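What follows is a single structure, written as structure tokens, with notes after it.
Basis: the model, the stated rules and, where named, an outside source; no laboratory instrument gave them. Counting neighbours? That spans all protein chains shown, and the Cβs are built from the backbone with ideal geometry, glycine included.
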Amino acid sequence: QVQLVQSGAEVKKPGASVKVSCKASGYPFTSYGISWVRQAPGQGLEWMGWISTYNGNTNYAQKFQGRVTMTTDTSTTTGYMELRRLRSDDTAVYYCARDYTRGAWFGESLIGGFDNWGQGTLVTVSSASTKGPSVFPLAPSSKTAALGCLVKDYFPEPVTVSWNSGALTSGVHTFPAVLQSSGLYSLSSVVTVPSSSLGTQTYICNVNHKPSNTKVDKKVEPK
Amino acid sequence: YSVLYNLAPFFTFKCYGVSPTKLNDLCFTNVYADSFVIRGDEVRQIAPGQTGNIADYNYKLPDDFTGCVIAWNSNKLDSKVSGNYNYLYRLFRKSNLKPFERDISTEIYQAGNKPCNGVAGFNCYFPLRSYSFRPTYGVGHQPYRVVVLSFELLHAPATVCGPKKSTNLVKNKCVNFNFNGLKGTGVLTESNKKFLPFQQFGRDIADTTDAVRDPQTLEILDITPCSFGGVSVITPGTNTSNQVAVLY
Amino acid sequence: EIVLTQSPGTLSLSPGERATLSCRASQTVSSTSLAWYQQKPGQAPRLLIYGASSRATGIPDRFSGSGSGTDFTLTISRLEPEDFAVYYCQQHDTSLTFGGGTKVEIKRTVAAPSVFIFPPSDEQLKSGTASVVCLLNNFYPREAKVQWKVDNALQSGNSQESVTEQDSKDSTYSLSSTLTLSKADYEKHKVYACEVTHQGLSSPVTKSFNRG
Amino acid sequence: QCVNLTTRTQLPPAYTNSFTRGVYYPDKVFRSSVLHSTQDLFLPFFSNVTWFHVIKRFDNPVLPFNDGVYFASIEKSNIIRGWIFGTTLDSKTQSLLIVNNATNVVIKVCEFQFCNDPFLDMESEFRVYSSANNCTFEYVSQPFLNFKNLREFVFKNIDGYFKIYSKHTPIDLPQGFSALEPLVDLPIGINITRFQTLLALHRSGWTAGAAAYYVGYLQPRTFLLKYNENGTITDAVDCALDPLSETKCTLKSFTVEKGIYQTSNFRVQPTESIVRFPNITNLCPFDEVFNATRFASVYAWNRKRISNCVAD
Ligand SMILES: *[C@@H]1O[C@H](CO)[C@@H](O)[C@H](O)[C@H]1NC(C)=O
Ligand SMILES: *[C@@H]1O[C@H](CO)[C@@H](O)[C@H](O)[C@H]1NC(C)=O
Ligand SMILES: *[C@@H]1O[C@H](CO)[C@@H](O)[C@H](O)[C@H]1NC(C)=O
Ligand SMILES: *[C@@H]1O[C@H](CO)[C@@H](O)[C@H](O)[C@H]1NC(C)=O
Ligand SMILES: *[C@@H]1O[C@H](CO)[C@@H](O)[C@H](O)[C@H]1NC(C)=O
Ligand SMILES: *[C@@H]1O[C@H](CO)[C@@H](O)[C@H](O)[C@H]1NC(C)=O
Ligand SMILES: *[C@@H]1O[C@H](CO)[C@@H](O)[C@H](O)[C@H]1NC(C)=O
């Protein structure tokens, strides 16, 4: 079967250069070209460019005409993507695809499209350093009952949330992360429980952050 | 060539000089692909020893053509409701085209004796004519895409052929050999001939291949047949004895 | 360059109806240079139709494509629970262009939310800022309007909104609104309110809370 | 950018004798100690070849490029550099060009816009063309390189393939035999009719050094070539020069004993052509149908049958 693999995520600073690798397996590398496309969070798709594996002929988009570079190495059958002058708008998901639109040998159009895509590479841009998550419980009112746990200033985006180690998974709502003007992240976890179990059952919110190596857990109780 | 029956049902697939049936074992020097679009009624014109408007004014095939023709209908992609005029042909020409020649002349045809003055007029027809392909036409008038493959077979390295794996090189014994599409039997030995870098194989006074060049290492090998001879049986009468002698 | 328009903006259907999506080109585009893509949330897009008529390998026979000239359509005979994704049409006749994306969701009965309010915790009073939350439980349809009111008017700007995806079981939306503000002005007020208006409700609901 | 210079010395080119030059290996098959008869395009023995001398003497006319060309250069210090080939020599058609400017041989097959005198002149002046349209093929490799240099080249354009054979030797063309080993084969497919030579002057206002180049045309004929123990061509016989050579070719040997030999057959060929056909009589009644005074209506169109006559 045809397989594609990519590199990991990057949290590099604005204005630097991004480097992405696209490794192919199970298909003749030279016979097919490589297409680079992006998808922004909250937006649709946006194709960037095409590179031919037979002679290195490339076709770029006019928006990134002065920032994009593609190369190929047939020894390891790896495509290399080098983008200069990275901006804050480059935070997106990058997709490497097998091109079946333009031929690699003659450079003419063909009936087809991107029939095989990679795993996707996350690109995040923010001029800030990492910081341990800050956790705050949210108790039910004095008067079903609901409660929660709000996390703020956790960087970068990858963070896991648990409630009693999955004992009460059914009933945990996790809203999508939201970014403020300070470059810091926010998230919330909401748990709905019967009003007859606020003072007896135990509810704990646990937040795990790998780059900062934190497993911080707090009890949530009514106030 | 094994993966070729994976398109729409081909209406024309005719091969001259080589049998298509599982014969990707031949090594050729270069391959030429000639692609164009014609009408169904003109497909028969693409063959050796065929005369027609397309044959003498658009595309002529040699009488000794070594290669093949694949023509298939392309109505679903080259037929438009309003009419596709992008495909043109040549109907008027002074002399017939030579084989494998391209004519892009736009000069006005001098049908009569008076000059055409570079404009349309009497006895002055434009060489280019439009097919005007539409889906509502007949089978003969439907657009057809034709690809002609021409194979080159010369005394060349011939580095275009199928996926056949090579084995080790063994010398000093009668074996079956297949040196780059060239099959034979005999013993191969180290040759002491002063081959030149552009030369590939040698020849003898009896006009046969007696020397080859290994397509992997720059080595000249002499080819000789394995041992041979005649046998004679010497006997007295069977009325005398059953013993015999043998002369090689 | 050429621009592709998708129709409609959002589809509300059921698992078993028939789906028809439209893509229109500003200029004339060859049918052979049009492709359809279906990207489910959480995985890379996959090709299903190329040439506007042919089917990609490993694609179920239910999906189909057609069209001509400047208008093309994608047809799904029956809808499956895994068939809800984001659909794109791409044309490469002149350079290469993609589409904004047509999203097809699940249509179900009209439900009502359980909007609650959560005042900031005590630990934020010594942190210099306080964050109050407004929660919207399982409701349908997604379109709901939320506002914050500090006891005398409508307020905006200082608020962040989060909306989840299609729910696994009930196919319902949950919404969150966060209002963060410094303690200096937080102590200047006692009563706050969150207002939620939804089609399911026959009247907008306002939930008010004081200090305590 | 183009350079205007019309200081050419207008004089008729010389004519000289190509005794036994222009023999090249016709195939890549190795042979040894054998006499082989082959029909191909060769330069006929003892032929008239045009001679151009360059010294001021500056003559670079565009010469025809019939079926083949044999080029010879008597040279010292590398004045002759390259060549250009084409039919119109403009952007209308395809153009091919070779440069050997003592650095590396470069072949360029694209559309050009040449001036009225494309040539070259350290080396910091290239005035040949001013336009660069679409391109087809490119090639870069090792350079090909009293007078002491003799360079022989054979250029052929067969079935859209450009074949270049070459030979170099140290030294009126000298009498002797020297076969030309093949050098270059290119899949171009270019309609070539006219071609020009490339010079590089020695600026002092320049004074070109003494050089000579000869041009001959190839013709289709049969030759008998002799190979020694090593696979080298050492002698040849042109089977169409004189009766003795034709007898030698018939006997398949380079020596003839005394006697009389039935060599060939002679025949004369037609000069004109004539065609005779009976006459144009009893023409079909087309005038009666076309020039009828009264024509019937469309619903009652008049139908007539015409047979047994001449359809003019
Ligand atoms: C591959 O072919 C080339 C042709 O000259 C030869 O030089 C080289 O040794 C070959 N490689 C192997 C591994 O046989
Ligand atoms: C060179 O000679 C041509 C010949 O007429 C003339 O047209 C041109 O102006 C001259 N100068 C240049 C720079 O070409
Ligand atoms: C051909 O050569 C002979 C002697 O080599 C010479 O006399 C004659 O003039 C030449 N032909 C022409 C047309 O000059
Ligand atoms: C001419 O020679 C120079 C080196 O002196 C080289 O760089 C250049 O490519 C040569 N040009 C041609 C047309 O051969
Ligand atoms: C390439 O050829 C086309 C016609 O076939 C011509 O219009 C165009 O100008 C050529 N390219 C250049 C750079 O001149
Ligand atoms: C080459 O061009 C000339 C220009 O008139 C033409 O007469 C000739 O037929 C062309 N050759 C071929 C093989 O088409
Ligand atoms: C042929 O090659 C041999 C190689 O040793 C050499 O001695 C000889 O001079 C060459 N020529 C002839 C005519 O044998």
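Observations on the model:
- Some residue of the stretch A:62-78 being assigned by CATH to the domain that holds A:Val18, assigned to a loop (DSSP other than H, G, I, E, B) and basic (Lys, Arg): yes
- Inspection of the stretch D:87-95 identifies at least one residue that is hydrophobic (A, V, I, L, M, F, W, C), more than 12 Å from D:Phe144 (Cα to Cα) and in contact with a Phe, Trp or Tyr (Cβ under 9 Å, 6 or more places away or on another chain).
- Residue within the stretch B:32-43 that is closer than 21 Å to B:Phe100 by Cα, in a loop (DSSP other than H, G, I, E, B), of a type outside the set (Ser, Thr, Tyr) and touching a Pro at 6+ places or on another chain (Cβ under 8 Å) present: no
- Flag not set for D:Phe45, criterion: assigned to a strand (DSSP E or B), more than 16 Å from ligand 7 (Cβ to nearest atom) and either within 14 Å of chain B (Cβ to nearest Cβ) or hydrophobic (A, V, I, L, M, F, W, C) (or both).
- Pairs, first within 14 Å of chain B (Cβ to nearest Cβ) and away from ligand 3 (no atom under 16 Å from the Cβ) in the stretch D:84-97, second part of a strand (DSSP E or B) and of a type in the set (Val, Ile, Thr), C-beta under 8 Å, six or more apart: D:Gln94/D:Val109; D:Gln94/D:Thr136
- Long-range neighbours under 7 Å by Cβ, at least six apart or interchain, first residue within 10 Å of chain D (Cβ to nearest Cβ) and under 15 Å from B:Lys171 (Cα atoms) within the stretch B:198-221, second within 14 Å of ligand 1 (Cβ to nearest atom) and among the basic types (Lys, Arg): B:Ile220/B:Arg213
- When the stretch C:118-142 is filtered for residues that are within 8 Å of chain A (Cβ to nearest Cβ) and either of a type in the set (D, E, K, R) or in a strand (DSSP E or B) (or both), the ones remaining, listed by number, are C:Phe118, C:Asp122, C:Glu123, C:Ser131, C:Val133, C:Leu135, C:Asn137.
- Residue match in the stretch A:174-187 (condition: closer than 20 Å to A:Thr144 by Cβ and more than 10 Å from every other protein chain (Cβ to nearest Cβ)): no
- Scanning the stretch B:80-108 for residues that are away from ligand 6 (no atom under 15 Å from the Cβ) and either basic (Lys, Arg) or in a loop (DSSP other than H, G, I, E, B) (or both) returns B:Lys80, B:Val81, B:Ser82, B:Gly83, B:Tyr85, B:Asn86, B:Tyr87, B:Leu91, B:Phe92, B:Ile108.
- Total residues in the stretch C:75-106 satisfying the condition of being within 14 Å of chain A (Cβ to nearest Cβ), part of a strand (DSSP E or B) and of a type in the set (A, V, I, L, M, F, W, C): the figure is 2.
- Among the residues examined, D:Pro26 qualifies as more than 16 Å from ligand 7 (Cβ to nearest atom), within 27 Å of D:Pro220 (Cβ to Cβ), in contact with an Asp or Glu (Cβ under 7 Å, 6 or more places away or on another chain) and assigned to a loop (DSSP other than H, G, I, E, B).
- Residue identified as farther than 16 Å from D:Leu5 by Cβ, of a type in the set (A, V, I, L, M) and either more than 8 Å from ligand 4 (Cβ to nearest atom) or surrounded by 17 or more Cβ atoms within 10 Å (Cβ to Cβ) (or both) among D:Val99, D:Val128: D:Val99
Rundown of residues vs (1) under 21 Å from C:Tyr37 (Cβ atoms); (2) surrounded by 15 or more Cβ atoms within 10 Å (Cβ to Cβ), yes/no style:
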| position | (1), (2) |
| --- | --- |
| C:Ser64 | yes, yes |
| C:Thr75 | yes, no |
| C:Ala85 | yes, yes |
| C:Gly100 | yes, yes |
| C:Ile117 | no, yes |
| C:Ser121 | no, yes |
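- Any hit, the stretch C:41-59, residues being surrounded by fewer than 15 Cβ atoms within 10 Å (Cβ to Cβ), more than 12 Å from chain A (Cβ to nearest Cβ) and more than 24 Å from the chain's Cα centre (by Cα): no
- Test: residue in the stretch D:88-106 that is under 24 Å from D:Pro220 (Cα atoms) and away from ligand 7 (no atom under 16 Å from the Cβ): no
- Scanning the stretch D:138-159 for residues that are more than 24 Å from D:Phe65 (Cα to Cα) and within 22 Å of the chain's Cα centre (by Cα) yields a total of 0.
Residue-by-condition table, conditions (1) surrounded by 16 or more Cβ atoms within 10 Å (Cβ to Cβ); (2) within 23 Å of B:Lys14 (Cβ to Cβ):
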site: B:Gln50; (1), (2): no, yes
site: B:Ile54; (1), (2): yes, yes
site: B:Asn58; (1), (2): yes, yes
site: B:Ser74; (1), (2): yes, yes
site: B:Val81; (1), (2): no, no
site: B:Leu88; (1), (2): no, no
site: B:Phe92; (1), (2): yes, no
site: B:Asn96; (1), (2): no, yes
site: B:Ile104; (1), (2): no, no
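- Strands (runs of 3 or more DSSP E) contained in the stretch C:156-212 and holding at least 3 residues under 16 Å from the mean Cα position of the chain (by Cα): C:160-163, C:173-182
- Meets criteria (part of a strand (DSSP E or B), away from ligand 1 (no atom under 16 Å from the Cβ) and more than 14 Å from chain B (Cβ to nearest Cβ)) for D:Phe58: no
- Here A:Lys219 passes the criteria (1) more than 11 Å from chain C (Cβ to nearest Cβ); (2) more than 20 Å from C:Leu125 (Cβ to Cβ) except the one numbered (2).
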